[PDB]
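Throughout, a chain's letter reflects where its sequence line sits, starting with A, and its residues are numbered from 1. Values below: all heavy atoms of this structure, side chains included; hydrogens, waters and symmetry mates excluded.
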Amino acid sequence: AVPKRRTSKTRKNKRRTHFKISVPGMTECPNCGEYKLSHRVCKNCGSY
Amino acid sequence: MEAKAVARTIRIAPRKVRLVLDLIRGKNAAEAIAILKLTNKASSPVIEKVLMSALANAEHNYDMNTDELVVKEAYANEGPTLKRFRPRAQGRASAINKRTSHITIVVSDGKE
Amino acid sequence: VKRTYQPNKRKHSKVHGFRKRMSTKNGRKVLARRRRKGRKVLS
Amino acid sequence: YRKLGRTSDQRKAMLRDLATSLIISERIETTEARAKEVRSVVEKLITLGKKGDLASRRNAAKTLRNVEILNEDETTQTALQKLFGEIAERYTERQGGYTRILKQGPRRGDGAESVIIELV
RNA sequence: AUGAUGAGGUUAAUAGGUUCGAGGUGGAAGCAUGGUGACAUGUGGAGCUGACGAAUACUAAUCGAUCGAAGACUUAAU
RNA sequence: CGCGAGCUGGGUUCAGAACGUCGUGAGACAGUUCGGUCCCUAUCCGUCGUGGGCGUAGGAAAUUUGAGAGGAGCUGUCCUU
RNA sequence: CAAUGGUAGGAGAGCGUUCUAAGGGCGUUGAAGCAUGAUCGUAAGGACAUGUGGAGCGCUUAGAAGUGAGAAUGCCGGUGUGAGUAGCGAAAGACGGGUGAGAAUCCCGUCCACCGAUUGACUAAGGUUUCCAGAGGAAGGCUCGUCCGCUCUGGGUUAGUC
RNA sequence: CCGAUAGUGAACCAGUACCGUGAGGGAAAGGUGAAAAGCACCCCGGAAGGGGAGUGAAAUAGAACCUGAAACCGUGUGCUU
RNA sequence: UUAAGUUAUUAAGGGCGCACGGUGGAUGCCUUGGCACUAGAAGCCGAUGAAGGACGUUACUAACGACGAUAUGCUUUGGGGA
Ligand SMILES: CC[C@H]1OC(=O)[C@H](C)[C@@H](OC(=O)NCCCOCCC#Cc2ccc3c(=O)c(C(=O)O)cn(C)c3c2)[C@H](C)[C@@H](O[C@@H]2O[C@H](C)C[C@H](N(C)C)[C@H]2O)[C@](C)(OC)C[C@@H](C)C(=O)[C@H](C)[C@H]2NC(=O)O[C@@]21C
Ligand SMILES: [Mg+2]
């Protein structure tokens with residue numbers, strides 16, 4: 001139950017290929033033109 | 001041509017800051033700001049401020065207006081780590097490395 | 001669990017302490033070595 | 001239905017307390033899961049209020065907490081009285097709804113999707 | 001497990017609520033009668049009812065964004 | 001004498017004790033007897049499921065043949081002739 | 001013309017590092033180090049050019065040695081991997097208002113919940129300033145933090161009878 | 001003879017942090033520049049930081065400050081898969 | 001056009017070269033401090049209170065030296081020089 005050997009830099013960088021953050025679901029707000037998250041209330045204006 | 005802005009010894013481990021910077025690489029200034037302000041991560045407020053400084057730097061020092069700016073390249077690299085310990089079981093102590101980050105952002109007009 | 005060193009100022013200063021080391025010649029010794037060593041807390 | 005990461009007694013209590021507070025304030029801020037679960041409870045209480053017969057009053061007394069509101073001109077009346085005298089009239093003609101929900105961005109301390117549940 | 005799969009996004013029954021029902025429980029509350037009381041009887045298979053069936057846009061799936069073809073040579077028939 | 005980083009720990013093989021025997025004695029016996037701490041967050045190969053990328057000379061929605069592969073594969077009694 | 005695999009091992013010739021003696025030299029017109037390069041000798045290794053670098057250092061002959069590291073479960077110091085994984089240390093919180101650059105986490109309020117031969121009140125031993133009021137947020141708080149047993153400033157313990 | 005893993009344990013408020021009930025044990029830590037000339041003002045930020053301007057021969061000499069190697073971590077890409 | 005055959009492209013990521021950064025404190029140069037000695041002094045301090053300490057002492061104030069309630073020092077004789 002211990003690592004029998006090192007994980008080389010190649011293996012490391014390989015495993016984390018799919019480890020990333022997604023760009024937010026952002027759309028432009030119709031009253032102010034600033035971006036907002038879709039289905040959420042704009043925090044700059046306060047609309048829909 | 002190129003505006004610079006750097007934040008040093010920020011108290012966030014570099015693996016964690018780089019996850020957010022892998023999004024604003026090569027995007028426009030407005031879109032970049034909208035990403036940061038809406039991405040719900042810890043490093044995001046501290047980067048939105050390094051970007052802000054660069055852009056201000058651009059306007060106040062080069063007359064580089066912000067409507068045409070793109071994060072030419074933006075990265076983060078290790079900083080002066082702070083070493084601490086956690087009292088674990090059976091008298092043994094394990095280490096905790098509180099890391100830091102040297103955030104850099106450069107925005108360009110794409111021109112010469 | 002009851003561990004060791006249940007502190008007590010009186011016994012600490014009785015078993016140890018300047019006047020106790022000054023009561024026996026061997027007590028006088030440890031002060032001698034501690035001054036040769038340049039120690040700051042002698043007893 | 002949902003469990004809200006909590007036991008039965010602690011949830012029963014949280015749901016009824018959150019419903020009472022909503023009735024007091026007419027719009028509150030909370031996380032999605034609990035808004036989605038207080039929606040039904042508050043909607044059903046308002047139904048118990050659209051009839052106003054003593055049976056429904058006594059039965060709605062089960063859920064609401066006993067609180068006092070100081071209205072304008074230092075007028076005082078409790079949650080039951082509000083439900084049956086100021087909210088029954090407002091929704092006498094509407095046959096559902098009674099509540100809306102407006103998603104908001106994630107909070108800082110967690111990644112919880114805060115929302116505002118308001119009486120419509 | 002997450003992601004996938006599948007049913008739906010207003011030109012909408014996808015989920016919540018409302019209305020009706022199935023199933024479950026078993027005679028709600030308030031009255032009136034009788035009893036000293038503990039209680040009982042009629043109203044009234046009443047009242048309540050999480051996931052189950054149906055109808056209804058009342059509430060939320062409003063706004064928007066991203067990705068995604070223009071089709072290689074060679075030879076044989078055509 | 002498959003399998004304890006899957007399990008138990010009764011036997012056996014630590015320290016306690018006791019009986020029979022041997023030894024002057026400390027102790028001893030594969031002679032009995034009662035008691036006696038079973039640790040580990042899985043890196044790789046392997047295996048059971050479950051995603052993403054790319055290739056199948058255009059981009060797609062659906063229906064597919066089957067090269068292979070896997071699973072089953074047991075049997076009783078009674079009656080009739 | 002003949003010989004030249006080689007371990008324990010014997011023999012010989014040498015390359016390098018510091019210092020010393022003498023001789024002869026190089027150096028802000030840029031020394032030693034450091035980095036790069038497609039250069040030279042049979043090897044240990046030696047130069048040259050270009051960058052960084054901002055003062056010492058080569059060469060010849062000869063002398064002396066703390067003189068050459070890859071392994072000792074070596075010592076010291078840095079940095080990895082396991083991995084964004086395990087863990088986040090017994091428990092009930094919800095919501096309105098306020099404060100701020102920022103709030104599940106700080107202040108106020110309502111409701112709810114837990115203890116109650118005690119998580120309550122005293123007083124010893126022990127610790128010594130953790131006590132109080134302002135202010136701050138690097139660090140310490142297993143998260144956050146505008147908060148604190150944290151930091152800065154200024155304060156606070158009064159006996160003839162205890 | 002040694003030049004900061006050396007030379008005293010100690011070049012630096014060292015027999016001191018610290019550890020132990022106590023005898024006792026016992027560290028780690030030098031170098032901005034010639035001169036402090038130690039960065040007036042402006043800009044983003046609550047601040048830490050930074051980016052200009054200025055000081056200086058030099059500021060990848062800006063106080064953790066001479067040179068600044070390797071492990072290690074990144075950002076580009078020429079050729080590959 | 002259709003049949004048969006052949007071959008790109010791809011890069012989520014990886015490799016190798018190269019460039020530019022960080023981290024870190026090797027190396028080089030440096031000396032405040034050590035080490036081994038030589039030559040000459042000297043080789044007793046205490047009830048006249050020692051050696052070693054503890055408290056104090058400054059305009060303000062913690063630490064280190066110095067000092068002792070005459071305290072961050074006093075007197076005197078000489079040296080010197082803002
Ligand atoms: C809790 C964590 C710790 O783990 C452990 O204790 C586990 C439980 C232990 O498992 C075992 O007992 N065997 C499996 C059970 C075997 O039953 C048969 C009946 C018996 C017996 C016996 C015989 C003689 C003596 C003895 O003569 C004597 C004395 O006093 O002289 C003391 N007794 C007790 C004896 C008892 C580990 C794993 C043990 O290893 C094993 O031992 C053997 C020597 C060999 C095993 N293999 C090679 C075949 C080996 O695998 C060790 C020695 O532990 C004592 C592990 C060592 C490394 C440790 O020290 C670690 C740090 C532990 N210490 C601690 O704190 O964490 C531990 C991990
Ligand atoms: Mg312990």
Side-chain angles (χ1 to χ4, degrees), chain A residues 1-19 25-30 38-39, chain B residues 3-11 13-15 18 25 45 49-50 52-62 73-82 84 86 96 102 104, chain C residues 4-9 11-12 15-16 30-31 33 35 37-40 42, chain D residues 1 6-7 9-10 13-14 16 18 20-22 24-25 28-31 34 36 39-40 43-44 47 53-55 58-59 65-68 94-101 107-110 112 120:
Chain A
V2 298
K4 182 70 175 176
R5 316 256 320 131
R6 284 153 38 121
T7 288
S8 64
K9 316 198 289 193
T10 302
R11 211 166 283 264
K12 158 165 57 158
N13 298 130
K14 270 179 166 179
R15 183 199 51 248
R16 55 189 63 176
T17 184
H18 283 108
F19 178 61
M26 65 198 234
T27 46
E28 295 251 44
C29 166
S38 212
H39 285 82
Chain B
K4 183 94 181 263
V6 164
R8 297 187 61 240
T9 329
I10 290 309
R11 193 49 209 61
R15 293 196 57 201
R18 285 188 284 242
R25 228 161 245 141
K49 251 179 216 185
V50 190
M52 273 357 255
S53 198
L55 295 165
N57 287 347
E59 293 179 353
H60 185 266
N61 297 6
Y62 318 118
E73 65 188 5
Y75 59 88
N77 46 7
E78 271 143 50
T81 161
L82 297 168
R84 310 264 173 265
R86 186 121 308 261
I96 305 269
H102 283 331
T104 285
Chain C
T4 66
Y5 190 80
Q6 321 291 156
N8 181 327
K9 296 184 290 294
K11 148 134 190 153
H12 190 57
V15 165
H16 304 271
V30 304
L31 294 174
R33 291 189 296 272
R35 297 187 173 103
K37 223 198 176 198
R39 198 77 81 149
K40 155 161 95 74
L42 321 158
Chain D
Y1 58 81
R6 186 179 296 275
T7 60
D9 52 282
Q10 298 168 21
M14 200 204 48
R16 56 189 287 172
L18 274 160
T20 303
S21 156
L22 182 38
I24 304 304
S25 296
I28 56 180
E29 175 146 38
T30 188
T31 62
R34 290 177 307 210
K36 297 276 212 86
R39 166 170 62 169
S40 76
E43 286 188 356
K44 278 176 230 294
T47 278
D53 87 340
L54 188 153
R58 191 74 57 82
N59 262 337
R65 307 298 192 178
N66 34 42
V67 180
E68 337 300 335
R94 183 177 292 170
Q95 280 82 40
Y98 304 160
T99 36
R100 88 161 29 81
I101 197 171
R107 60 174 63 183
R108 183 178 181 272
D110 316 302
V120 59

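- When the side-chain nitrogen and oxygen atoms of D:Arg34 are compared with OP1 and OP2 of G:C95, one or more of them lie within a distance under 4.0 Å.
- Within the 4.0 Å cut-off from OP1 or OP2 of G:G145, at least one side-chain nitrogen or oxygen of D:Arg108 is found.
- With hydrogens and angles ignored, no donor-acceptor pair under 3.5 angstrom links the side chain of D:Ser25 to the base of G:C95.
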Might you work through the side chain to side chain contact (heavy atoms under 4.5 Å, CB included) test for A:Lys12 and A:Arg16, ending with a clear yes or no? CA-CA 7 Å; A:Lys12 158 165 57 158; A:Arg16 55 189 63 176; 3.6 Å; yes
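- Adjacent in the strand, F:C44 and F:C45 form a stacked pair, their six-membered rings being closer than 5.5 Å at the centres and less than 30 degrees apart in orientation.
- A distance-only check finds a donor-acceptor pair linking the side chain of B:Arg25 to the backbone of B:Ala74 [under 3.5 Å].
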Working for side chain to side chain contact (heavy atoms under 4.5 Å, CB included), residues C:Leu31 and C:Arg35: CA-CA 6 Å; C:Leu31 294 174; C:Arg35 297 187 173 103; 3.9 Å; yes
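- Between C:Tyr5 and D:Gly109, it is D:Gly109 whose nearest contact on RNA chain G lies nearer the 5' terminus.
- Here I:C55 is matched with I:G68 as a Watson-Crick or G-U wobble partner, both contacts being under 3.5 Å.
- The six-membered rings of G:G30 and G:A31 are unstacked by the 5.5 Å centre and 30° plane criterion.
- In terms of phosphate contacts, B:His102 brings a side-chain nitrogen or oxygen within less than 4.0 Å of OP1 or OP2 of I:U23.
- No N or O donor and acceptor, one from the side chain of C:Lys9 and one from the base of G:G127, sit under 3.5 Å apart.
- Not a single donor-acceptor pair, N or O on each side, falls under 3.5 Å between the base of H:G9 and the side chain of C:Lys37.
- Side-chain N/O atoms of D:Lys36 include none lying less than 4.0 angstrom from OP1 or OP2 on E:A15.
- Taking atom P in both H:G68 and G:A55, the straight-line distance is 12 Å, to the nearest Å.
- Distances shorter than 4.0 Å separate none of the side-chain N or O atoms of D:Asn66 from OP1 or OP2 on G:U110.
- Judged by the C1'-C2'-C3'-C4' torsion, the sugar of E:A7 sits on the north side, since the angle is positive.
- In this structure, B:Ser53 reaches the bases: a heavy-atom distance under 4.0 Å links it to at least one base atom across the strands shown.
- Annotated as stacked: the bases of G:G63 and G:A64, by the 5.5 Å centre and 30° plane rule.
- With a 3.5 Å ceiling on both atom-pair distances, the Watson-Crick or G-U wobble partner of G:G68 is G:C15.
- Residue B:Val50 is classed as having no contact, given no heavy-atom separation below 4.0 Å to the nucleic acid.
- Put simply, B:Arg11 has no side-chain N or O that comes within less than 4.0 Å of OP1 or OP2 on G:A138.
- Pucker check on G:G70: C1'-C2'-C3'-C4' negative, sugar south.
- With ring centres under 5.5 Å apart and planes tilted under 30°, the neighbouring bases G:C122 and G:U123 are scored as stacked.
- OP1 or OP2 of I:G15 lies within a sub-4.0 Å distance of a side-chain N or O belonging to A:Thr10.
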Evaluate the side chain to side chain contact (heavy atoms under 4.5 Å, CB included) criterion for residues B:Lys4 and B:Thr104: first the C-alpha distance (whole Å), next the side-chain angles of each, then the deciding distance (0.1 Å), finally the verdict. CA-CA 8 Å; B:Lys4 183 94 181 263; B:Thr104 285; 3.8 Å; yes
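- Comparing B:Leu82 and B:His60 by the nucleotide of RNA chain H whose heavy atom lies nearest to each, the residue mapping closer to the 5' end is B:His60.
- The nucleotide whose nearest atom lies closest to any side-chain atom of B:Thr81 is, among I:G21, G:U79, G:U81, G:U79.
- Look at H:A17: its glycosidic torsion is within 90° of 0, and that puts it in the syn range.
- The pentose of G:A38 is categorized as south (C2'-endo side) on the basis of a negative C1'-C2'-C3'-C4' torsion.
- No donor-acceptor contact under 3.5 Å links the side chain of D:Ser21 to the base of G:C95.
- Nearest-nucleotide mapping onto RNA chain H: of B:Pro80 and B:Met52, the residue sitting toward the 5' end is B:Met52.
- Between G:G84, H:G45, H:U21, one nucleotide has an atom nearer to the side chain of B:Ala13 than all others, and that is G:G84.
- With a 5.5 Å centre cut-off and a 30° plane cut-off, the bases of E:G16 and E:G17 come out stacked.
- A:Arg5 has no side-chain polar atom (N or O) that falls below the 4.0 Å cut-off from OP1 or OP2 of F:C44.
- In I:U75 the base sits anti relative to the sugar, since the glycosidic angle is further than 90° from 0.
- Taking the side chain of C:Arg35 as heavy atoms from C-beta on, and the options I:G52, I:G13, E:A29, the nearest nucleotide is I:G52.
- Here G:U36 is matched with G:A49 as a Watson-Crick or G-U wobble partner, both contacts being under 3.5 Å.
- Listed by chain and number, the residues in a side chain to side chain contact (heavy atoms under 4.5 Å, CB included) with B:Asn61 amount to none (sequence neighbours excluded).
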Table of protein N/O atoms under 3.5 Å from nucleotides 68-73 of chain H N/O atoms:
residue: H:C73; atom: OP1; partner: A:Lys12; partner atom: NZ; Å: 2.6
residue: H:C73; atom: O4'; partner: B:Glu78; partner atom: OE2; Å: 3.0
residue: H:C73; atom: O2'; partner: B:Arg18; partner atom: NH1; Å: 3.2
residue: H:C73; atom: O2'; partner: B:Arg18; partner atom: NH2; Å: 2.9
residue: H:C73; atom: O2'; partner: B:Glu78; partner atom: OE2; Å: 2.8

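- Contact between the side-chain N/O atoms of D:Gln10 and the OP1/OP2 oxygens of G:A92 is found at a separation under 4.0 Å.
- For G:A65, the base is anti relative to its sugar; the glycosidic angle deviates from 0 by more than 90°.
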Report the C-alpha distance between C:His12 and C:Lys9 in whole Å, list the side-chain angles of each, state the deciding distance to 0.1 Å, and finish with yes or no for side chain to side chain contact (heavy atoms under 4.5 Å, CB included). CA-CA 5 Å; C:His12 190 57; C:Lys9 296 184 290 294; 5.6 Å; no
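- Contacts of A:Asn13 with the nucleic acid, taken as non-hydrogen atoms under 4.0 Å apart, involve only primed sugar atoms and P, OP1 or OP2.
- Side chain of D:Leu18, nearest nucleotide from E:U18, G:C95, I:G14: G:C95.
- Here E:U14 is in the anti range [glycosidic angle more than 90° from 0].
- A positive value of the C1'-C2'-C3'-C4' torsion places the sugar of G:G33 in the northern pucker family.
- Rounded to whole angstrom, the span from the CZ atom of D:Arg65 across to the P atom of G:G109 amounts to 20 Å.
- Taking the syn range as angles within 90° of 0, the glycosidic angle of I:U38 is outside it, so the base is anti.
- Proximity of B:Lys4 to the phosphate of H:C43: no side-chain N or O atom is located under 4.0 Å from OP1 or OP2.
- At distances below 3.5 Å, at least one donor-acceptor pair connects side-chain atoms of B:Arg18 with backbone N or O atoms of B:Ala76.
- Applying the 4.0 Å criterion to OP1 and OP2 of E:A60, one finds that D:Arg100 has a side-chain N or O inside that range.
- Phosphate proximity of G:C95 to D:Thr30: present, with a side-chain N or O under 4.0 Å from OP1 or OP2.
- Taken together, I:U7 and I:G49 fail the test for a Watson-Crick or G-U wobble pair, since the two needed distances are not both under 3.5 Å.
- Side-chain atoms of C:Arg39 come within donor-acceptor range of the base of H:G25, with a qualifying N/O pair under 3.5 Å.
- Taking B:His60 as the reference, nothing meets the ring-ring contact (aromatic ring centres under 6.0 Å, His included) condition, with sequence neighbours excluded.
- Listed pair B:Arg86 / G:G141 meets the phosphate criterion, a side-chain N or O lying under 4.0 Å from OP1 or OP2.
- The 5' end of RNA chain G is approached more closely, in terms of each residue's nearest nucleotide, by D:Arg6 than by the other of C:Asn8 and D:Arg6.
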